[PDB]
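Order of writing sets the chain letters: A, B, C, D, E, F, G, H, I, J, K, L, M, N, O and P. Residues in each chain are counted from 1.
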């Protein structure tokens, strides 16, 4: 299913057909992305299960050589980093940075705490490491000067915000998809009934809840206006 | 009314602790 | 049973006979495909049981030789891949890629994480491997240059979306089936009463729920219009 | 009992006497076949019990020699297969393909996954094997060229869809039975009260549920019309 | 008690005295035969108890020599079989085929799966075996050519359908009984109060349930007509 | 309303499993 | 309403299984 | 309404099975 | 309404069986 | 209202797990 | 109202954890 | 209405049997 | 209405018997 | 109405006896 | 009405005594 | 009415103490 089919099921389950309604598809897009990572963390964080291929998204990145701090000589070796910020991955699956071929390359996504201590082993010095700094950017690191020639990687993981990873999505064979709504929503099809139930339950009560109808310089909600 | 993101996570956590008790009774026994 | 008999049972259980009704057969087709993979994962994912032949679908694929990344010489050996995207399989049964005869061939569907490390064994180099890359395509791999002559395979598995695998279905003896509704719905007949109950329970409440009836530039749902 | 006596008990338990009623005998035929395999799987799938002779049906098959893939020489040896598709058996009883005498012959119905590896034993090469390919057809296999002379077998099993196996039924001594309703319904008589209770419970609630009575280009179900 | 006394207790417990009533004695005959085998399987199938003599019926059979498949020489030895179909026995008591004297003869009723492998023992070759083939007929088998002279056997068992075994009943000293209702109903007298309670409970609710009273080309059941 | 062929078989099966527990506590002991 | 031939036999069978548990705890002990 | 000859015998039988459990815990112990 | 000669004797018998269980746990122990 | 194909399979599965506990207490003992 | 995809999966998970406890009491014993 | 000479003696006897169980768990232990 | 001199002494006696059970589980253990 | 000096001291005493049971299960074990 | 400073401290004390029971079952075992 | 910051922390603490009991039954056994 796409983004559109999941929006329009929750809208039709709530019967939110009218254009002059309080809850828009943007209330539904927000809650579907929030309840996706809520529900994936409820299933896949206590004990370790197989994660289906549906929960992952592959985003495309452009890498640029950035300094360590500034343009000074004694600061340390420079990194590569994504020019745009990357989404935050969930810690439930197999995140994987790969050089535009999933079946090839050893670029290792790790913790940010680990990446300040990497490559001191003599047998692990030609391996490129990845982490997301608190800048919001994906940084790259190895002791091999060759890693500073990467121009492009793809990042397959279960990101926390599914909407962020759909705007950074890889180009198709046909071309880019202009609307978020014609893009694939990233959840297993076995988790879509629990996802629709929780988003409908959150908006069902507030759907029939009263509003401050009158423009009279007064709060009319205690009167159930 | 309705909102079920804390009823879900408490029910999901009770079934987790009940599952955790069930896997703590498992024994691969070691007599012949 | 076909797709039509399952749609028209849920419609008749809900008494959705009128053409001017809010919930169409497309609401029912969506929910039957979502509750199929929901229910198959509830039965067949905790401990391992026999899966019946009814839950599987066989789809037909055309394979084309694609490069590893691009047209460069030092990138690596090329693959075969399906020209169209493949559905995502569930991890509950026996997925099987076979060369148009189910009782013949050793083409091994595996994990995508495994397929980047395959065929280093000297006795496992004439075996063709399959996985679904995050591109959405089924890729093929072996160390044997002969595998690049496959033009066609069939893929029998329990795919997540039953509607996707019915549009990629294999041609019959008579011919292709034009309408999805005259195609076979892929679930065991022992799982059809729990499937119809959950789809009817989801739409029964919203079937009698009020609508914003009046065109008056105002949300009339708190008034139960 | 026949099919007719089981239909007309559920109709009379629901008091669906009128010709101008919403729920027809086809709603009842569908639900009796679905709740038969539901109920047989609830009883006979957890731990192994004796299955009565009432739950089985014997269907008659015509076998034709078909190629492995096509008319090419290097594809492999040819099979026999049923000219029409076969019903899917349940995995609860003793399925048995026999050459028109139940007390004679060794034709072995097995798994489809097993039948691609059969007959490599030197003492098991004159044995004919059966499985249902994902084509929907019953295929036959042995290393003995004599097996390609079978013209006819009968298949006794507990098939999933009882209606499919009643249209493929064996001819009687008197002759074929034209109507499905004068054919025997395949369930043990001890499972008929739980079968009638569940089919009546499913249609009892919807029997008294309102309809969209008015032709006014509007859904009248929220008004309980 | 006879069939009549059990019908007319359930009719009088329901007060179904009127000839213009919805539920006839045929609804009661059907449900008493279904709830007999339901209740006998609930008592006598989990752990093994003594079955009373009341639950059995003795039916009389005429046996004819039939071929194995057809009139060909190399098919195998011929059988005897009942000219009419036999009822299906329940697996709870002591089924017994005997040559018109219960205290004499060794004719062994067995499984159909067993009877294709019988009599290979040199000490068990003069013993006649019985099973019910999926044809619905009782077949006979031994390695002794003398068994092909049996013209008549009687079959005492707890058959599933008590009505089928009452129409095949043995002739009395006085003569045959024309009406099913003057024949003995086959259940222990200690199981008659639970039998009458379940048949009355099934028809009590539907006894007071509304009907589609009006002939107006419309279903009037949602209106409780 | 009323129909009791599934209430009966579930109650008959619960008393069966309760009886099955009672016969699994029976021991013919084997000290003098 | 009323009919008590299945309430009786289920109550009579529950007291049977409870009695069966009580006689399975009986031990004629075999120390001095 | 009222009739108590089956309520009595089931209550009398439940107290019997409870008494039967109590006398099955009685032990005349056999250490010094 | 009221009559309490069978409510009394069943309550008096339940406290008897509960007392019988309590005196069956009494042990005059026999280590030093 | 009414539909009982998920009430049945959950009740049938609870009696299965209760039966599974009862057959796991069965012991063919191995003293003389 | 009604929607039963979270009532189902919690009931299916409770019967799973109850089944998991029942198979953890199974012992293939190893005395003669 | 009210009269509490049989509610008292049954409650006083239940606390007696509960006290009797508590004093039957008392052990003056006899290891060093 | 109200009078609480028998509700008090029965509640005070139930907490006494519950306290008596708690002090009967106390062990000053006697391994090293 | 309201007065809570006997509801307090009985609830404070029940949590005391429950705490007393919890500290009677504490063992500083004495194997290596 | 409402005031929750004694409902809080009694609920906080019940979860304390339940936590105290859980940490009294913890054993760092001392076989190889 | 509604406010759930003390219902949450008491429910979160009850599932914590239930989880704490489940991890105290875990044993990595040490026979062959």
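Here is the rule we go by: a residue touches a chain if its C-beta (ideal position, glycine included) is under 8 Å from a C-beta of that chain, and two chains touch if they have at least 3 such contacts.
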| item | value |
| --- | --- |
| Listed pair (E-F, A-K or C-K) duplicating the D-F contact set, over half by residue number | A-K |
| Innermost chain, where centres are averages of C-alpha coordinates | K |
| Reference chain G; chain at largest CA-centroid distance | A |
| Chain pair, D-F or C-K, that carries the greater number of C-beta contacts | C-K |
| Chain G onto chain P, rotation angle from CA fit, given as a multiple of 5 degrees | 150 |
| Whole-Å gap between the CA centroids of chain C and chain O | 49 |
| Where chain G and chain I are represented by their mean Cα positions, the distance between them in whole Å | 20 |
| CA centroid of chain H to CA centroid of chain P, Å | 39 |
| Residue numbers of chain G (touch at least two other chains) | 6, 21, 25, 27 |
| Touching two or more other chains - residues of chain C | 22, 35, 38, 42, 193-194, 197-198, 201-202, 204, 209-211 |
| In contact (per the touch rule at the top): chain pairs | A-B, A-C, A-K, B-K, B-P, C-D, C-J, C-K, D-E, D-F, D-J, E-F, E-G, F-G, F-J, G-H, H-I, I-L, J-K, L-M, M-N, N-O, O-P |
| Residues of chain L that touch chain I when the two form their complex | 6, 10, 13-14, 16-17, 20-21, 24-25, 27, 30 |
| Touching residues on chain J, where the partner in the complex is chain F | 4, 8, 11-12, 15, 18-19, 21-23, 25-27, 29, 31-32 |
| Partner chain A, residues of chain B touching it in the complex | 1-5, 8-9, 12, 16, 19 |
| Chain E residues touching chain G - in the complex, by the definition given at the top | 193-194, 196-198, 200-201, 204 |
| Residue numbers on chain G that touch chain E, as the complex places them | 1, 3, 5-6, 9 |
